[PDB]
Number of protein chains: 6
Amino acid sequence: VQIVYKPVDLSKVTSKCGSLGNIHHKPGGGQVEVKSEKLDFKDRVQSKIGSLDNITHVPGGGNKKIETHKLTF
Amino acid sequence: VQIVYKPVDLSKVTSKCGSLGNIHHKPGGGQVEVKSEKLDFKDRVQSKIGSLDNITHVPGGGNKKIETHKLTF
Amino acid sequence: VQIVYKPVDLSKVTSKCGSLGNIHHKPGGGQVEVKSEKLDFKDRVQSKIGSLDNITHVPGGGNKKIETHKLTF
Amino acid sequence: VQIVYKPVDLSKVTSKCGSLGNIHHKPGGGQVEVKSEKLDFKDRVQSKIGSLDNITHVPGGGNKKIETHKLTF
Amino acid sequence: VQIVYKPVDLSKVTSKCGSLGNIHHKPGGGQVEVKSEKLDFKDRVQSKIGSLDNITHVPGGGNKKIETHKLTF
Amino acid sequence: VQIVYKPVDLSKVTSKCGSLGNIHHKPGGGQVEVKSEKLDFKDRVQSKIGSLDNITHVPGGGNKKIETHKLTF
């Protein structure tokens with residue numbers, strides 16, 4: 001057994017923008033009500049309960065590069 | 001047994017923006033109401049309960065590079 | 001037994017922004033209410049309960065590079 | 001010439017209620033945008049422009065008695 | 001010329017309620033914008049512009065009696 | 001010329017309420033924005049511009065009696 005792991009990457013995940021703006025985000029309020037008796041959360045739970053969240057997200061470039069490199073024996 | 005791990009990366013996640021602005025985030029309030037008896041959370045739980053959260057996030061470049069490199073026997 | 005781990009990175013996660021500004025964040029209040037009897041949290045819990053949080057986040061470059069390098073037997 | 005004006009009133013505008021309640025008014029927000037250039041008003045105008053009004057009105061008795069008594073020559 | 005004006009009133013506008021309550025008024029916020037250039041007003045105008053008004057009005061008896069009595073020559 | 005003006009009133013605008021309470025008024029914020037160049041007002045104007053007003057009004061008896069008695073020549 002010989003193993004060689006040698007991937008090569010020269011990629012561009014690039015963006016170009018001339019001018020970014022005039023972005024208006026005017027939410028109008030709202031209402032949320034949640035009822036329960038018991039919550040029981042185990043092992044890697046992610047939760048929102050009862051949320052009224054407003055987000056403006058304006059990256060001048062929002063580029064994502066995501067990788068997994070893996071071996072197993 | 002022999003193993004070699006030499007992955008190579010020369011990548012660009014780069015951005016260019018000429019001018020960024022005139023961004024207006026103006027939430028209108030809101031109402032949130034949550035009821036329960038018992039909350040019981042175990043092992044790596046992430047939780048929001050009853051939130052009214054406002055975010056303006058304007059990164060002049062918001063580029064993300066995420067990598068996992070991993071051997072395992 | 002022989003193992004060589006020698007990954008190589010010459011990458012750029014850079015940004016350029018020509019001018020950043022004219023950002024307005026004007027929240028409008030709100031109301032939040034939460035009820036319970038018992039909270040019981042064990043092992044690596046992250047929690048918000050009852051929040052009314054406003055965030056302005058304007059990094060002139062907000063680039064993030066995240067790496068995990070690992071071996072295990 | 002003799003004029004006699006003599007209304008007689010012995011009326012009941014009465015109400016009876018045994019128990020009044022469990023009234024829930026839960027408005028869900030909203031949005032309004034009014035545009036105009038020139039507004040000009042004269043003589044006994046009542047006006048409302050661009051409104052998001054919420055009213056709960058729970059009189060334990062909500063009776064009205066309204067009269068005009070008038071002579072003219 | 002002889003004129004007599006003798007209205008007679010023995011009227012009841014009376015109310016009775018046994019118990020008044022459990023009233024919940026819970027507005028969800030909201031958003032209003034009004035744009036204009038020139039406003040000009042003369043002689044007995046009543047005006048409201050750009051409002052987000054919340055009213056709970058719970059009179060234990062809310063009775064009205066309104067009268068105009070008039071002579072004119 | 002003979003005039004007699006002599007109205008008689010023995011009226012009751014009275015109320016009874018046995019118990020008054022458990023009233024909750026919980027506004028959720030809001031947002032208001034008014035724009036203009038020139039405001040100009042003459043003679044008996046009542047005006048409200050750009051309001052976010054919250055009113056709880058709980059009179060244990062809230063009765064009104066309004067009378068106008070008038071002569072003119």
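Convention: sequence-line order gives letters A, B, ...; per-chain numbering from 1. The basis for the numbers below is simple: all heavy atoms, side chains too, and nothing from hydrogens, waters or symmetry mates.
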Greatest number of non-hydrogen atom pairs under 4.5 angstrom with chain E, of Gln2(D), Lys38(D), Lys70(D), falls to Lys38(D)
If you look at every heavy atom in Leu20(E) and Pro59(E), which pair is closest and at what distance? CD1-O, 4.0 Å
Nearest 0.5 Å, what's the NZ-NZ distance between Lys16(D) and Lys16(E)? 6.5 Å
Tell me which of these, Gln46(D), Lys35(D), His57(D), has more heavy-atom pairs under 4.5 Å with chain E than the rest. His57(D)
Options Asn54(D), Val13(D), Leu71(D), ranked by heavy-atom pairs under 4.5 Å with chain E, top entry: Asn54(D)
Tell me the closest heavy-atom pair linking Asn63(E) and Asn63(D), and the distance in Å. OD1-ND2, 2.9 Å
Mind ranking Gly18(D), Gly62(D), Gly28(D) by heavy-atom pairs under 4.5 Å with chain E and telling me who comes out on top? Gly18(D)
With respect to chain E, which residue among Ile55(D), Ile66(D), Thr72(D), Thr68(D) yields the maximal number of heavy-atom pairs within a distance under 4.5 Å? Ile55(D)
Which residue out of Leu10(D), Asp40(D), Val4(D), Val8(D) racks up the most heavy-atom pairs below 4.5 Å with chain E? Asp40(D)
Out of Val1(E), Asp53(E), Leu52(E), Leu39(E), which one racks up the most heavy-atom pairs below 4.5 Å with chain D? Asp53(E)
Count the heavy-atom pairs under 4.5 Å between each of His69(E), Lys6(E), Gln31(E) and chain D, then report the option with the highest count. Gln31(E)
Flag the pair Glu67(E) and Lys65(D) as a salt bridge only when some basic side-chain nitrogen lies within less than 4.0 angstrom of an acidic carboxylate oxygen. no
Taking only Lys NZ, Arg NE, NH1 and NH2, and the carboxylate oxygens of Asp or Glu, determine whether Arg44(E) and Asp43(D) approach each other closer than 4.0 Å. yes
If you take all heavy atoms of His25(D) and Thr56(D), which pair is closest and at what distance? ND1-OG1, 2.9 Å
